[PDB]
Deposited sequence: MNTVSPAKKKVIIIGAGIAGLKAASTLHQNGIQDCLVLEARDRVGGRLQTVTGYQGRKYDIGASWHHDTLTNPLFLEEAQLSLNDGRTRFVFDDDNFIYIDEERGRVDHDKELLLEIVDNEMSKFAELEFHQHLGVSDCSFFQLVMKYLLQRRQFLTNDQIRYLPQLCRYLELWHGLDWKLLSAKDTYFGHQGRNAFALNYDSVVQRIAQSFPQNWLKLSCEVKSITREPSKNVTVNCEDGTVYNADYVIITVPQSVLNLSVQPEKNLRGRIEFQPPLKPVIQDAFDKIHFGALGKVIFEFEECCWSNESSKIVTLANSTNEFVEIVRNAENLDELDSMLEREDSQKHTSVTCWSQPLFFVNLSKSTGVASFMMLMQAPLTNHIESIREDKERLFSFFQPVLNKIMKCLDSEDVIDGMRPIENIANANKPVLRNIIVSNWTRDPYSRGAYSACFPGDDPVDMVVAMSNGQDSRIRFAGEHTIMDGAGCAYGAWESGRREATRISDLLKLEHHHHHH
């Protein structure tokens, strides 16, 4: 009875439905499992009503990002602020040494740039001759260029370069080296409300099209020119075309046994082998977020980008200087516990400079993400965990130790002391409808496979959309947005041509 049934109300599904309406097609649905739209785009509220995108926050590749350009046109026409360019010079902090950024002797940023060029030459034309982990690649660089690196450069550079872990959401021993470096097509623009983007799109079509709390449990299309979809409860539907936009990791459940898994869809017939094979090419990263809200800013706003480096040792240097080769370096590196805020790099966005708000938006990676999100309810433990890194930042920013006021006790003796009032944590890895952040590469993965399979679709009536179904903007909000327009337009042309 329906022209098109869109599964999932994330940006992919919403743009699609928005596009269909825009082209005059009627009688369409949008089945969302959650009781809200937005998918991995969620803006939450905390202390004093401040808002934060606990999901996607930035407009990437602003030079060609069509979604951004659309947002730009709007703002150009009405003068309203919808975003801010918050790129800035990064401040790097080592627990013991303090700041190490833009240093007249360490010059870490410069060797970091040679490092990147190194990775490029390494996989250039050879189909990534036996890929390895980002970690293995950095060690190869160090061994090969030690003659031209000082002791401190060999010590801090590898800890600094790991900021890239916050781009992929994966530890450097788990990340594929071939996909580590990417093409930054322009500056980034912090969205001053991705929810505003969600609402504008969400409203571009008939409200009655949306069906929240509809967990699709099975999709089938008996050869008769019709596709039949069923949600968990019991309601059934049928349409001419269907666009599946669930995340990759959820759609990956369709291959295993036990339709018991929350989110998993039952395809009949089963998704063709070219699709199932794609999942063997790894995927799914775990970018997480922790928001630190203070009463007010009493620290320096020199920069909005701050990164704390995991501890490092001088013995590491000695080992590098002495390794005869890659193997000797590998084993020689045998340090045979307990994770702390200094066991991995952490990315903090100082929102005071870019947005005025006195809070820090922090990014974390797997395996830390899963752990921190597991104890998201225990605010006390959370504060104790991050307190040491939160204190080093304040010291490096002309302030002092943080005071714990999550259980407030108004005291005049806090005038110029930073007072923490609330802590917010993401939960993507524990949410059955997301099970992580976005597609990422493990050593040996090939992202293109899935793009082709997804884009080709199960068949003429079963199409796919989402951040894991396109090449440009892969794993990005604008990527999913465009993929949603892709399928809608394809189906939109076909319908017009019939009648």
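**Q** Just jot down which stretches of the deposited chain sequence have no CA coordinates, in the order they come.
**A** Those stretches are 1-7, 344-348, 512-516, listed in order.
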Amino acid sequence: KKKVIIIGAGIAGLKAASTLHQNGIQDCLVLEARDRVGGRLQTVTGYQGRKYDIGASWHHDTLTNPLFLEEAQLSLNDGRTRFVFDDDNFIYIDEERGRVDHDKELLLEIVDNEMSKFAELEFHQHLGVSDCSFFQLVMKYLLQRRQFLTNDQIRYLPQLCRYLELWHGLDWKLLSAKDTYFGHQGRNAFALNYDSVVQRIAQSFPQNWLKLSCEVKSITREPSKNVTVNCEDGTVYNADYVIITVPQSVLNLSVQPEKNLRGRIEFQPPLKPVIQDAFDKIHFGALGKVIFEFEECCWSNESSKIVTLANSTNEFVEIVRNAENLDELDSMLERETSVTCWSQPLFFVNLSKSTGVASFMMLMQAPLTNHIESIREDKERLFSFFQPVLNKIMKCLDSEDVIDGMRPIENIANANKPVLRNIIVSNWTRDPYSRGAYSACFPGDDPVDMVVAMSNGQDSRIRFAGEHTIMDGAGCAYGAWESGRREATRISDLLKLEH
From here on, numbers count along this sequence of modelled residues.
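In this text, the rigid core denotes the largest set of C-alpha atoms whose superposition between the two forms falls within 1.5 Å.
**Q** C-alpha RMS from this form in 8 other deposited structures of this protein, rigid core superposed: larger for 219-227 or 272-280?
**A** Higher average C-alpha offset in 8 other deposited structures of this protein goes to 219-227.
**Q** On a core superposition, give the stretch, 58-66 or 434-442, with the larger average C-alpha separation from this form in 8 other deposited structures of this protein (RMS over structures and residues).
**A** Comparing 58-66 with 434-442, the larger C-alpha deviation in 8 other deposited structures of this protein belongs to 434-442.
**Q** Any chance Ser331 is unbuilt in a third or more of the other entries we compared?
**A** No, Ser331 has coordinates in all the other entries compared.
**Q** In at least one third of the other PDB entries compared, is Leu76 left unmodelled?
**A** Residue status for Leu76: no gap in any other entry.
**Q** Quick one: say whether 274-282 or 242-250 has the higher mean Cα B-factor in the deposited entry.
**A** Mean B over CA atoms: larger for 274-282.
**Q** For the C-alpha atoms alone, is the average B factor greater in 319-327 or in 287-295, going by the entry?
**A** It is 319-327 that shows the higher mean C-alpha B-factor.
**Q** Which one, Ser176, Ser303, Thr228, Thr369, has the peak C-alpha temperature factor per the PDB entry?
**A** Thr228 has the highest C-alpha B-factor of those listed.
**Q** Which of these, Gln26, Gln42, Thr62, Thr45, has its C-alpha atom at the highest B-factor, as the entry lists it?
**A** Among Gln26, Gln42, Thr62, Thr45, the PDB entry lists the largest C-alpha B-factor for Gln26.
**Q** Ranking the modelled residues of this chain by C-alpha B-factor as given in the entry, is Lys104 in the lowest, middle or highest third?
**A** Answer is middle: the recorded C-alpha B-factor places it there.
**Q** Please place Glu258 in the lowest, middle or highest third of its chain according to the CA B-factor in the PDB entry.
**A** Highest third, going by the recorded CA B-factors of the chain.
**Q** Please place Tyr237 in the lowest, middle or highest third of its chain by C-alpha B factor as given in the entry.
**A** Ranked within chain, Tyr237 CA B lands in the highest tercile.
**Q** How does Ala453 rank on Cα B-factor within its chain, lowest, middle or highest third?
**A** Highest third, going by the recorded CA B-factors of the chain.
**Q** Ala33's Cα B-factor: lowest, middle or highest third of the chain?
**A** It belongs to the middle third of the chain when residues are ordered by C-alpha B-factor.
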